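A.B. asks: Quick one: structure below, then a few questions.
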Amino acid sequence: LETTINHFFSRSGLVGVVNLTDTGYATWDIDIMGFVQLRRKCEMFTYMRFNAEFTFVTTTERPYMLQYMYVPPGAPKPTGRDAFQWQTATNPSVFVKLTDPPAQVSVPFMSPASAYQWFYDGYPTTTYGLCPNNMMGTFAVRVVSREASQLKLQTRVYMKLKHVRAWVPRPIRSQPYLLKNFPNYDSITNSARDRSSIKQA
Amino acid sequence: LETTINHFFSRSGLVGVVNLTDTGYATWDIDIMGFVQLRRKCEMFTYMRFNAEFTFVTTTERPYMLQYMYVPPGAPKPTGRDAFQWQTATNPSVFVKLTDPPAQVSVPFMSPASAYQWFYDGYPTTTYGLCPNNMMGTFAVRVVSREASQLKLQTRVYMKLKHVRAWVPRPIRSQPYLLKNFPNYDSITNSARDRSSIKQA
Amino acid sequence: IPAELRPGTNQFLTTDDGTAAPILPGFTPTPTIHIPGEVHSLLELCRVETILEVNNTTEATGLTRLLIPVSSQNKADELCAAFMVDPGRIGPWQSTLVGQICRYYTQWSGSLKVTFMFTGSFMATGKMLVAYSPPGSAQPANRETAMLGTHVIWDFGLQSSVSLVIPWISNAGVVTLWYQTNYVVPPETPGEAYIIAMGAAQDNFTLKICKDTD
Amino acid sequence: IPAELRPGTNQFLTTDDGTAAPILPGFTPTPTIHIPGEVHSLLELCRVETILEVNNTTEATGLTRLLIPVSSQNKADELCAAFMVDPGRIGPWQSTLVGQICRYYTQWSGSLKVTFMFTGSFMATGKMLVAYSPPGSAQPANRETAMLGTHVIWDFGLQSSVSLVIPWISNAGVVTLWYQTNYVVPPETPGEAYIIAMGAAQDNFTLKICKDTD
Amino acid sequence: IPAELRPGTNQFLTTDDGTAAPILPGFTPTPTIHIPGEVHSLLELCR
Amino acid sequence: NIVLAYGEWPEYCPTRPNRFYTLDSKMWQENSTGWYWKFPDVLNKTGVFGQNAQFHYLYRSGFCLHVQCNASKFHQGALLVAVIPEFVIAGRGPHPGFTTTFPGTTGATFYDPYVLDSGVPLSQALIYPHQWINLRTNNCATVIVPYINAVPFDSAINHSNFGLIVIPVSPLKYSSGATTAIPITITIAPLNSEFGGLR
Amino acid sequence: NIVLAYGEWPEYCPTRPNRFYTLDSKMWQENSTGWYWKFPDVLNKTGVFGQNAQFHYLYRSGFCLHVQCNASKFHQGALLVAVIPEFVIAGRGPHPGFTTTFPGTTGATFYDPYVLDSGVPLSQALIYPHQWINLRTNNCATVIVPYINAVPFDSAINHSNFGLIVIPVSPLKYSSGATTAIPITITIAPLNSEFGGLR
């Protein structure tokens with residue numbers, strides 16, 4: 001079939017759009033809650049478990065040795081393009097030329113708990129419902145040269161979900177939401193559009 | 001043999017010729033009834049069933065990340081090159097550089113009925129003989145950049161038919177036709193060219 | 001060894017099968033445990049009877065749009081409520097669970113069922129004629145021309161709930177309900193009640209080509 | 001592992017075998033059912049006796065070019081009609097089903113047959129001499145020099161139809177028909193009739209290299 | 001034989017498995033002997 | 001004798017409800033040019049089948065036909081009975097309309113028979129299951145037609161399954177004193193009808 | 001009758017320490033709008049369990065519930081008992097605070113029941129293990145809830161496992177002379193508790 005839960009997530013859609021000037025670098029936190037087409041399909045469930053793979057597509061406006069680092073959760077993020085975090089061998093990085101076909105890399109499942117939680121009701125001890133066990137890291141795109149890059153490049157990050165397993169369901173969201181990581185709704189819209197009367201279908 | 005019905009359709013001929021300026025994009029409906037060499041070979045039969053594969057050949061007048069989206073039947077067509085339909089993950093799209101050898105993709109059989117119908121005698125309830133179950137979608141070729149493409153590019157779309165199975169036959173067309181999707185003929189030409197007399201072969 | 005490169009290699013297909021290289025080799029993930037309530041396919045979700053909005057008029061405004069009014073002064077055979085059987089069209093089914101997961105999956109086909117239940121006092125007694133028509137015609141006019149269809153004479157003193165199986169929709173069909181008798185109360189009893197409706201899909205409810213929502 | 005790239009990889013061959021990636025993986029198509037009248041190969045199409053245009057003169061103009069006239073005042077041994085046996089050349093065979101599917105498939109070879117039938121009254125009686133010549137010579141002149149060939153003495157009082165098997169054409173051969181007797185009528189009977197012809201290919205009719213039409 | 005090139009080939013992954021070609025083929029290294037006190041995993045160190 | 005359309009013997013695999021219907025006989029003159037009927041439309045508003053096809057909106061049936069013309073031994077001519085599936089009137093010139101495409105029991109007539117009013121030449125019309133009514137051999141013709149459609153069901157009113165054409169190829173000649181017209185009567189019987197759903 | 005939440009019968013695989021607790025009955029008027037409790041918080045500072053959940057910082061238990069309202073035969077209305085895991089109050093407008101999210105034994109009330117104070121519409125709330133208290137059929141409802149959490153343990157004070165909601169869908173109507181309010185009492189019993197670690 002194609003109504004199984006693995007096929008329902010198996011399209012590789014856009015997540016984040018990252019551009020860099022030459023500052024000199026550009027970082028990007030990993031989060032799937034960026035667009036409304038993926039949030040409404042992932043607040044469906046409460047507990048999920050999945051491996052992900054990525055793809056970086058680069059549109060200038062020739063090839064350079066730009067790299068894509070990876071930060072596992074806990075490692076410090078780079079502050080400058082010539083800092084000492086770019087050469088730490090514990091951060092797995094991917095060197096890819098521009099003119100080559102686009103990069104592709106997989107990420108395993110890093111949360112300490114058995115599955116990711118999209119709803120936490122408690123505290124870590126404004127700190128309400130912020131479970132720290134959803135951190136997946138950054139990427140920190142950097143063009144590599146000795147000085148004076150001067151590209152004005154823009155990357156795009158795609159994401160495919162694989163081997164996904166879902167637990168206990170929840171009903172869908174029915175209202176637009178203001179904040180990024182909170183269900184606040186600013187009380188009201190309805191669900192079904194009106195008709196004239198109760199009669200006359 | 002080579003007179004079987006699979007070999008009779010197994011050449012990959014031209015269907016449509018699409019060019020784009022920079023507007024900014026270019027769309028193209030899927031229809032095999034574009035040229036007379038393929039219409040006379042497909043009004044032969046009444047019911048057909050086949051998978052198709054395509055190929056996009058690009059002739060400028062360097063490489064850019066131009067994509068080829070696909071619209072399954074029912075999804076909305078894009079209106080601008082920076083609209084929100086370009087990032088819907090339910091539309092499968094293909095990123096291909098210019099200098100690479102040309103793209104190639106297969107399309108499965110999407111009609112709701114068991115086989116495609118090239119002749120319908122009825123109504124959906126000017127609406128005579130327009131069966132809506134022949135929709136196959138678009139492609140919506142778009143060059144990808146942040147702004148100011150400036151290419152003046154022209155693509156060509158090829159089509160190969162595979163695994164084809166045909167049912168009940170019909171005689172061939174013998175007159176030129178005026179309209180695109182109707183057999184109107186503007187009554188008259190003959191079929192065989194004349195000779196002098198009934199005698200003298 | 002010799003090899004060639006067919007056209008179609010240097011491309012990103014956006015729906016692909018080949019795995020990339022893992023970025024952390026040797027990493028063993030944390031092993032799963034037995035969390036109860038695992039969903040294998042979302043077909044199990046659309047077999048859940050959820051509350052159907054019927055009274056979706058302008059002046060409803062709140063929880064009162066989840067319920068159909070039943071008076072005690074209505075004369076016999078006057079239509080109590082009526083709505084289309086259309087999982088996906090803009091109307092009553094837009095609130096239920098079927099109506100949200102069929103904004104995805106462009107082509108649907110199956111056999112929906114509709115369940116009612118009654119919310120009056122124990123002393124009340126009446127009847128209802130839950131009717132149905134095929135999608136050829138519009139709704140009936142009288143009680144008599146609606147009686148000839150697929151009626152289920154549902155009363156109140158015996159049963160508090162009733163179902164109705166609708167056969168073989170595809171990508172209308174109109175259900176109504178008629179009074180067919182007076183609404184009977186004893187004294188010192190409020191003479192108004194409401195009938196909330198349900199909605200679900202039975203086993204042969206299948207889907208086809210995926211599509212994004214709204 | 002090591003590998004090389006032989007010349008001929010980055011090319012589009014326009015007649016190829018390797019499948020591309022499917023754009024919708026996991027999609028199961030709608031399964032077929034038993035539609036009657038399935039054609040496996042188009043060799044079955046060219047074994048259908050279709051109406052052959054013979055009277056393709058200038059002044060024909062309509063359905064009257066589908067039929068050969070037979071008078072009642074023609075003196076014995078005068079040629080009624082004559083045409084080449086040439087499936088593909090510009091002439092009589094251009095209307096039949098053989099003559100259209102052999103504008104494709106450049107080289108043909110086989111054994112065509114020609115069938116006639118008669119469209120007079122029941123009281124009429126005559127004869128015909130359906131002759132044939134090999135493609136070495138032209139058509140005969142007299143009835144006698146046509147009689148020595150491959151004649152079939154077809155009459156009217158017994159048979160209403162007759163066939164003739166033409167052996168082994170390739171990429172001319174001329175068929176005629178002669179009167180050989182008077183056309184005999186009783187009184188109060190219209191003395192004109194027509195003979196429509198047919199055309200088909202028997203079992204050993206094979207084709208070769210494909211070619212576009214017109 | 002036909003073959004395609006999926007995206008992700010011309011890249012350096014910084015955590016990889018495929019061996020490069022040895023630069024000195026045929027060279028046999030000096031064989032090891034029994035040095036006592038070999039550590040297989042560093043879990044033995046933190047005990 | 002009888003001609004099975006593609007060799008089916010139409011069975012069925014919604015209730016399962018056979019009178020020999022008789023359409024009204026057309027007169028055939030010298031300068032006549034043909035007729036067509038487009039089944040299963042002509043059985044509507046006629047008989048118990050008409051009360052079963054107008055109220056039900058799913059349909060499957062097969063037919064048995066019997067085209068029979070009665071002529072004396074002093075006439076001549078030859079007809080052509082063919083059964084065309086999904087037979088579409090094209091329209092000359094500009095669509096043909098409605099009372100041209102659905103003629104009812106009075107079967108409509110042709111304008112240009114040489115191209116079948118669809119750009120399809122008559123020389124190749126014998127692909128369809130045909131039967132020659134030659135007036136010096138016989139006077140009857142019988143075609144059995146199964147249900148030929150991609151979807152296993154359809155509506156009875158809108159979609160026509162197939163059509164029936166009758167074309168005078170050789171024109172009718174007759175000596176003076178004989179009757180000018182020759183009738184053509186048609187018999188229609190449903191074989192395995194199977195309706196579904198009531199409105 | 002009874003409704004197993006997803007069919008578990010909650011066993012366990014840290015010592016292993018059952019009195020039927022009884023929360024204080026809420027009054028239900030005409031213009032009331034609902035309640036919620038957020039277990040296992042309301043058992044804190046109450047009973048021997050409260051002395052076992054305040055001092056221990058690992059926890060696992062399952063519950064057995066019994067929501068029961070007593071009404072005479074002259075009232076009408078229907079409630080809705082659902083058990084929502086990881087039930088999060090959103091906050092209108094702006095976070096909701098603390099005395100709104102952890103109500104204690106006095107279960108807090110709703111503001112907008114149509115969206116469950118989380119943007120989730122009530123039309124689809126029956127995905128959760130529900131049980132209709134319809135006042136012309138019965139007067140009781142019983143839900144057994146296992147321990148539903150990703151990590152096999154948690155603290156008792158901070159993390160709430162699930163919540164219990166009671167919503168008046170059809171409002172209560174009553175003729176004049178009857179009592180205005182109807183009580184709703186709730187019974188809570190731990191099934192297989194298993195604590196761990198003492199502070």
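Letters A, B, ... go to the chains of the structure tokens in the order shown; residues in each chain start at 1; ligands are counted from 1 in the same order.
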Using only C-alpha atoms, determine which residues of chain B fall within 9 Å of chain F; present them as a ChimeraX atom specification.
C.D. replies: /B:46-47,112-117,119-126,128-129,168-177,182-188,191
A.B. asks: May I have the residues from that selection written out with N, CA and C atoms, as a JSON list (two decimals), in the first residue's frame?
C.D. replies:
```json
[["chain", "number", "residue", "atom", "x", "y", "z"],
["B", 46, "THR", "N", -8.86, 1.90, -29.35],
["B", 46, "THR", "CA", -9.81, 2.58, -28.50],
["B", 46, "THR", "C", -9.35, 2.64, -27.05],
["B", 47, "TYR", "N", -8.80, 1.55, -26.54],
["B", 47, "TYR", "CA", -8.35, 1.48, -25.15],
["B", 47, "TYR", "C", -6.89, 1.11, -25.13],
["B", 112, "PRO", "N", -7.81, 6.86, -13.35],
["B", 112, "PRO", "CA", -8.68, 6.09, -12.46],
["B", 112, "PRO", "C", -9.28, 4.78, -13.15],
["B", 113, "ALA", "N", -9.69, 4.85, -14.44],
["B", 113, "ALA", "CA", -10.26, 3.65, -15.18],
["B", 113, "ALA", "C", -9.13, 2.61, -15.49],
["B", 114, "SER", "N", -9.46, 1.36, -15.84],
["B", 114, "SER", "CA", -8.36, 0.35, -16.05],
["B", 114, "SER", "C", -7.31, 0.77, -17.17],
["B", 115, "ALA", "N", -7.78, 1.39, -18.29],
["B", 115, "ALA", "CA", -6.96, 1.88, -19.46],
["B", 115, "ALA", "C", -7.38, 3.32, -19.98],
["B", 116, "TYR", "N", -6.51, 4.06, -20.69],
["B", 116, "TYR", "CA", -6.83, 5.38, -21.23],
["B", 116, "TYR", "C", -7.91, 5.18, -22.34],
["B", 117, "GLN", "N", -8.87, 6.13, -22.51],
["B", 117, "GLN", "CA", -9.93, 6.10, -23.58],
["B", 117, "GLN", "C", -9.71, 7.27, -24.54],
["B", 119, "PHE", "N", -11.71, 7.78, -27.08],
["B", 119, "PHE", "CA", -13.02, 8.12, -27.66],
["B", 119, "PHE", "C", -14.08, 7.94, -26.59],
["B", 120, "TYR", "N", -14.71, 9.03, -26.18],
["B", 120, "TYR", "CA", -15.78, 9.00, -25.20],
["B", 120, "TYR", "C", -17.03, 9.60, -25.83],
["B", 121, "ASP", "N", -18.15, 8.91, -25.70],
["B", 121, "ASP", "CA", -19.42, 9.32, -26.29],
["B", 121, "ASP", "C", -20.40, 9.56, -25.15],
["B", 122, "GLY", "N", -20.41, 10.77, -24.61],
["B", 122, "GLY", "CA", -21.30, 11.05, -23.50],
["B", 122, "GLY", "C", -21.09, 12.45, -22.96],
["B", 123, "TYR", "N", -21.33, 12.60, -21.67],
["B", 123, "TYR", "CA", -21.20, 13.90, -21.02],
["B", 123, "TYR", "C", -20.62, 13.73, -19.62],
["B", 124, "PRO", "N", -20.06, 14.79, -19.02],
["B", 124, "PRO", "CA", -19.61, 14.66, -17.62],
["B", 124, "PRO", "C", -20.74, 14.62, -16.60],
["B", 125, "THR", "N", -21.94, 15.07, -16.96],
["B", 125, "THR", "CA", -23.06, 15.07, -16.02],
["B", 125, "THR", "C", -23.55, 13.65, -15.71],
["B", 126, "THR", "N", -20.55, 21.27, -26.05],
["B", 126, "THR", "CA", -19.20, 21.75, -25.76],
["B", 126, "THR", "C", -18.51, 20.84, -24.76],
["B", 128, "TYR", "N", -18.96, 17.65, -24.90],
["B", 128, "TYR", "CA", -19.20, 16.40, -25.60],
["B", 128, "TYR", "C", -17.87, 15.74, -25.89],
["B", 129, "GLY", "N", -17.63, 14.58, -25.29],
["B", 129, "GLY", "CA", -16.42, 13.84, -25.58],
["B", 129, "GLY", "C", -15.17, 14.41, -24.96],
["B", 168, "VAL", "N", -9.66, -2.92, -28.56],
["B", 168, "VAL", "CA", -10.44, -2.96, -29.80],
["B", 168, "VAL", "C", -10.09, -1.92, -30.86],
["B", 169, "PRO", "N", -9.86, -2.34, -32.09],
["B", 169, "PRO", "CA", -9.28, -1.43, -33.09],
["B", 169, "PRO", "C", -10.34, -0.58, -33.76],
["B", 170, "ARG", "N", -9.85, 0.43, -34.48],
["B", 170, "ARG", "CA", -10.65, 1.36, -35.26],
["B", 170, "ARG", "C", -9.88, 1.62, -36.54],
["B", 171, "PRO", "N", -10.56, 2.03, -37.61],
["B", 171, "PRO", "CA", -9.83, 2.36, -38.83],
["B", 171, "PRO", "C", -9.15, 3.71, -38.72],
["B", 172, "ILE", "N", -8.17, 3.91, -39.60],
["B", 172, "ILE", "CA", -7.31, 5.08, -39.51],
["B", 172, "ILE", "C", -8.04, 6.32, -40.02],
["B", 173, "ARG", "N", -7.52, 7.48, -39.63],
["B", 173, "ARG", "CA", -8.03, 8.74, -40.13],
["B", 173, "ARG", "C", -7.55, 8.93, -41.57],
["B", 174, "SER", "N", -8.42, 9.46, -42.42],
["B", 174, "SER", "CA", -8.10, 9.64, -43.82],
["B", 174, "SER", "C", -8.15, 11.08, -44.28],
["B", 175, "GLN", "N", -8.53, 12.01, -43.42],
["B", 175, "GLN", "CA", -8.61, 13.41, -43.79],
["B", 175, "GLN", "C", -7.86, 14.25, -42.78],
["B", 176, "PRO", "N", -7.35, 15.41, -43.18],
["B", 176, "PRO", "CA", -6.80, 16.34, -42.20],
["B", 176, "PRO", "C", -7.91, 16.89, -41.33],
["B", 177, "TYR", "N", -7.54, 17.26, -40.12],
["B", 177, "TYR", "CA", -8.48, 17.71, -39.11],
["B", 177, "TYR", "C", -8.14, 19.13, -38.69],
["B", 182, "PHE", "N", -10.81, 17.24, -31.60],
["B", 182, "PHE", "CA", -12.11, 16.89, -32.15],
["B", 182, "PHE", "C", -11.91, 16.41, -33.58],
["B", 183, "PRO", "N", -12.72, 15.47, -34.04],
["B", 183, "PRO", "CA", -12.52, 14.92, -35.39],
["B", 183, "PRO", "C", -13.14, 15.74, -36.52],
["B", 184, "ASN", "N", -13.44, 17.02, -36.30],
["B", 184, "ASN", "CA", -14.13, 17.83, -37.30],
["B", 184, "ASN", "C", -13.29, 17.99, -38.57],
["B", 185, "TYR", "N", -13.95, 17.90, -39.72],
["B", 185, "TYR", "CA", -13.24, 17.72, -40.97],
["B", 185, "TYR", "C", -13.58, 18.69, -42.10],
["B", 186, "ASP", "N", -14.62, 19.52, -41.95],
["B", 186, "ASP", "CA", -14.97, 20.61, -42.87],
["B", 186, "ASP", "C", -15.25, 20.10, -44.29],
["B", 187, "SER", "N", -16.36, 19.39, -44.40],
["B", 187, "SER", "CA", -16.84, 18.87, -45.68],
["B", 187, "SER", "C", -17.08, 19.96, -46.72],
["B", 188, "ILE", "N", -13.78, 17.94, -48.28],
["B", 188, "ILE", "CA", -13.70, 16.51, -48.54],
["B", 188, "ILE", "C", -12.56, 16.20, -49.50],
["B", 191, "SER", "N", -9.41, 9.17, -50.95],
["B", 191, "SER", "CA", -8.43, 8.28, -50.35],
["B", 191, "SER", "C", -7.38, 7.81, -51.34]]
```
A.B. asks: Kindly assemble as JSON lines a list of the chain D residues that lie within 7 Å of chain F, each paired with its nearest atom pair and their distance in Å to one decimal, using only C-alpha atoms, sorted first by chain and then by ascending residue number.
C.D. replies:
```
{"residue": "D:35", "atom": "CA", "partner": "F:148", "partner_atom": "CA", "distance": 6.5}
{"residue": "D:36", "atom": "CA", "partner": "F:6", "partner_atom": "CA", "distance": 6.6}
{"residue": "D:37", "atom": "CA", "partner": "F:6", "partner_atom": "CA", "distance": 5.5}
{"residue": "D:48", "atom": "CA", "partner": "F:127", "partner_atom": "CA", "distance": 6.6}
{"residue": "D:50", "atom": "CA", "partner": "F:124", "partner_atom": "CA", "distance": 5.4}
{"residue": "D:51", "atom": "CA", "partner": "F:123", "partner_atom": "CA", "distance": 4.8}
{"residue": "D:52", "atom": "CA", "partner": "F:123", "partner_atom": "CA", "distance": 6.6}
{"residue": "D:62", "atom": "CA", "partner": "F:114", "partner_atom": "CA", "distance": 6.5}
{"residue": "D:63", "atom": "CA", "partner": "F:114", "partner_atom": "CA", "distance": 6.0}
{"residue": "D:95", "atom": "CA", "partner": "F:123", "partner_atom": "CA", "distance": 6.1}
{"residue": "D:96", "atom": "CA", "partner": "F:124", "partner_atom": "CA", "distance": 5.9}
{"residue": "D:97", "atom": "CA", "partner": "F:124", "partner_atom": "CA", "distance": 5.9}
{"residue": "D:119", "atom": "CA", "partner": "F:77", "partner_atom": "CA", "distance": 5.9}
{"residue": "D:120", "atom": "CA", "partner": "F:76", "partner_atom": "CA", "distance": 5.4}
{"residue": "D:121", "atom": "CA", "partner": "F:76", "partner_atom": "CA", "distance": 4.9}
{"residue": "D:122", "atom": "CA", "partner": "F:136", "partner_atom": "CA", "distance": 5.0}
{"residue": "D:188", "atom": "CA", "partner": "F:175", "partner_atom": "CA", "distance": 5.7}
{"residue": "D:189", "atom": "CA", "partner": "F:175", "partner_atom": "CA", "distance": 5.3}
{"residue": "D:190", "atom": "CA", "partner": "F:175", "partner_atom": "CA", "distance": 5.3}
```
A.B. asks: What would the file look like if the residues just selected were written as a short mmCIF file (atom, residue, chain, number, x, y, z; two decimals), in the first residue's frame with N, CA and C atoms?
C.D. replies:
```cif
data_model
loop_
_atom_site.label_atom_id
_atom_site.label_comp_id
_atom_site.auth_asym_id
_atom_site.auth_seq_id
_atom_site.Cartn_x
_atom_site.Cartn_y
_atom_site.Cartn_z
N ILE D 35 -11.18 -6.75 -20.73
CA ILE D 35 -11.80 -6.08 -21.87
C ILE D 35 -11.69 -6.98 -23.09
N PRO D 36 -12.80 -7.34 -23.74
CA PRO D 36 -12.71 -8.26 -24.87
C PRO D 36 -12.15 -7.58 -26.10
N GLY D 37 -11.51 -8.37 -26.95
CA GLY D 37 -10.96 -7.83 -28.17
C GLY D 37 -9.61 -7.18 -27.98
N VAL D 48 -7.92 -8.92 -42.50
CA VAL D 48 -9.32 -8.54 -42.47
C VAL D 48 -9.71 -8.08 -43.87
N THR D 50 -11.24 -6.10 -46.43
CA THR D 50 -11.82 -4.77 -46.49
C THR D 50 -12.13 -4.39 -47.93
N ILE D 51 -12.96 -3.37 -48.09
CA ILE D 51 -13.48 -3.00 -49.40
C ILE D 51 -12.40 -2.27 -50.18
N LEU D 52 -12.21 -2.68 -51.42
CA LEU D 52 -11.14 -2.19 -52.28
C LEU D 52 -11.72 -1.22 -53.29
N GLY D 62 -17.86 9.81 -54.69
CA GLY D 62 -18.76 9.37 -53.65
C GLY D 62 -18.63 7.91 -53.28
N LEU D 63 -19.75 7.25 -52.99
CA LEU D 63 -19.72 5.81 -52.78
C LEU D 63 -19.65 5.03 -54.08
N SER D 95 -6.81 2.36 -50.37
CA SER D 95 -7.93 2.51 -49.46
C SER D 95 -8.06 1.38 -48.46
N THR D 96 -7.51 0.21 -48.76
CA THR D 96 -7.75 -0.94 -47.90
C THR D 96 -6.86 -0.89 -46.67
N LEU D 97 -7.08 -1.85 -45.77
CA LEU D 97 -6.33 -1.87 -44.52
C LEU D 97 -4.90 -2.34 -44.74
N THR D 119 -23.81 -8.22 -56.79
CA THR D 119 -24.88 -7.44 -56.19
C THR D 119 -26.00 -7.22 -57.21
N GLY D 120 -26.47 -8.29 -57.83
CA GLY D 120 -27.58 -8.22 -58.76
C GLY D 120 -28.84 -8.86 -58.20
N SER D 121 -29.85 -8.94 -59.06
CA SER D 121 -31.07 -9.61 -58.68
C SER D 121 -30.87 -11.12 -58.68
N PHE D 122 -31.85 -11.82 -58.12
CA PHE D 122 -31.76 -13.27 -58.03
C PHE D 122 -31.95 -13.94 -59.38
N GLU D 188 -38.88 -7.16 -67.17
CA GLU D 188 -39.22 -6.39 -65.97
C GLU D 188 -38.21 -6.63 -64.85
N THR D 189 -36.95 -6.33 -65.17
CA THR D 189 -35.84 -6.52 -64.28
C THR D 189 -34.82 -5.48 -64.69
N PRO D 190 -34.27 -4.70 -63.75
CA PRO D 190 -33.21 -3.75 -64.12
C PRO D 190 -31.94 -4.49 -64.51
#
```
A.B. asks: For chain E versus segment 53-69 of chain A, which residues have an atom no more than 12 Å away, and what is each residue's nearest atom pair and distance in Å rounded to one decimal, using only C-alpha atoms, chain-then-number order, as a Markdown table?
C.D. replies:
```
| residue | atom | partner | partner_atom | distance |
| --- | --- | --- | --- | --- |
| E:6 | CA | A:55 | CA | 12.0 |
| E:7 | CA | A:55 | CA | 8.8 |
| E:8 | CA | A:55 | CA | 8.7 |
| E:10 | CA | A:65 | CA | 11.5 |
| E:11 | CA | A:67 | CA | 9.7 |
| E:12 | CA | A:67 | CA | 9.4 |
| E:13 | CA | A:68 | CA | 9.7 |
| E:14 | CA | A:69 | CA | 9.8 |
| E:15 | CA | A:69 | CA | 11.9 |
```
A.B. asks: Would you write out those residues with N, CA, C and O atoms, as a compact mmCIF listing (two decimals), in the first residue's frame?
C.D. replies:
```
# COMPACT_ATOMS: atom_id res chain seq x y z
N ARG E 6 24.78 8.45 -8.84
CA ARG E 6 23.89 9.09 -7.89
C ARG E 6 24.58 10.29 -7.26
O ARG E 6 25.81 10.37 -7.25
N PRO E 7 23.81 11.27 -6.78
CA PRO E 7 24.42 12.40 -6.08
C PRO E 7 25.10 11.96 -4.79
O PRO E 7 24.58 11.14 -4.04
N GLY E 8 26.28 12.51 -4.58
CA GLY E 8 27.09 12.19 -3.43
C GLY E 8 28.37 11.46 -3.73
O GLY E 8 28.96 10.88 -2.81
N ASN E 10 31.44 12.68 -5.84
CA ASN E 10 32.66 13.47 -5.79
C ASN E 10 32.66 14.29 -4.50
O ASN E 10 32.36 15.48 -4.48
N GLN E 11 33.00 13.62 -3.41
CA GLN E 11 33.03 14.27 -2.11
C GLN E 11 34.00 13.53 -1.20
O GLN E 11 34.33 12.36 -1.43
N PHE E 12 34.47 14.23 -0.19
CA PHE E 12 35.38 13.68 0.80
C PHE E 12 34.68 13.74 2.15
O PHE E 12 34.36 14.82 2.64
N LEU E 13 34.45 12.57 2.74
CA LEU E 13 33.43 12.46 3.77
C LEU E 13 33.97 12.64 5.17
O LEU E 13 33.17 12.78 6.10
N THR E 14 35.30 12.55 5.35
CA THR E 14 36.08 12.79 6.57
C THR E 14 35.87 11.67 7.60
O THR E 14 36.57 11.59 8.62
N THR E 15 34.95 10.75 7.33
CA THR E 15 34.74 9.54 8.12
C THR E 15 34.27 8.50 7.11
O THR E 15 33.08 8.41 6.81
```
A.B. asks: Please return, as a ChimeraX atom specification, all residues of chain B lying within 6 Å of chain A when only C-alpha atoms are considered.
C.D. replies: /B:89,145-146
A.B. asks: Using only C-alpha atoms, determine which residues of chain E fall within 12 Å of chain D; present them as number ranges by chain.
C.D. replies: E: 1-6, 18-21
A.B. asks: Leaving out residue 138 of chain C and any residue of its chain fewer than 5 positions from it, which residues lie within 9 Å of it when counting only C-alpha atoms, given as a ChimeraX atom specification?
C.D. replies: /A:201 /C:133,173-174
A.B. asks: What would the file look like if the residues just selected were written as a CSV table (one decimal), in the first residue's frame with N, CA, C and O atoms?
C.D. replies:
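Saved as again.csv:
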```
chain,number,residue,atom,x,y,z
A,201,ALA,N,-29.3,21.0,1.9
A,201,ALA,CA,-27.9,20.5,1.6
A,201,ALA,C,-27.3,20.9,0.3
A,201,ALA,O,-26.3,21.5,0.2
C,133,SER,N,-30.6,9.1,0.1
C,133,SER,CA,-30.8,9.0,-1.3
C,133,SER,C,-29.5,8.8,-2.1
C,133,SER,O,-28.5,9.2,-1.6
C,173,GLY,N,-24.7,12.4,-2.8
C,173,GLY,CA,-25.4,11.5,-1.9
C,173,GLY,C,-25.9,12.2,-0.6
C,173,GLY,O,-25.0,12.8,0.1
C,174,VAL,N,-27.2,12.3,-0.4
C,174,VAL,CA,-27.7,13.2,0.6
C,174,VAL,C,-28.4,12.4,1.7
C,174,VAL,O,-29.3,11.6,1.3
```
A.B. asks: So that I can check the secondary structure, give me every residue of chain B assigned helix (DSSP H, G or I) by backbone DSSP, as a VMD selection string.
C.D. replies: chain B and resid 36 to 39 84 to 87 132 to 134
A.B. asks: Up to 8 Å from chain D, what residues of chain C turn up? Count only C-alpha atoms and give them as an NGL selection string.
C.D. replies: :C and (1-8 or 13 or 15 or 209)
A.B. asks: Mind checking which residues fall within 7 Å of segment 24-29 of chain A, counting only C-alpha atoms, ignoring those fewer than 3 positions away in the same chain, and posting them as a PyMOL selection string?
C.D. replies: chain A and resi 19-21+81+137-142
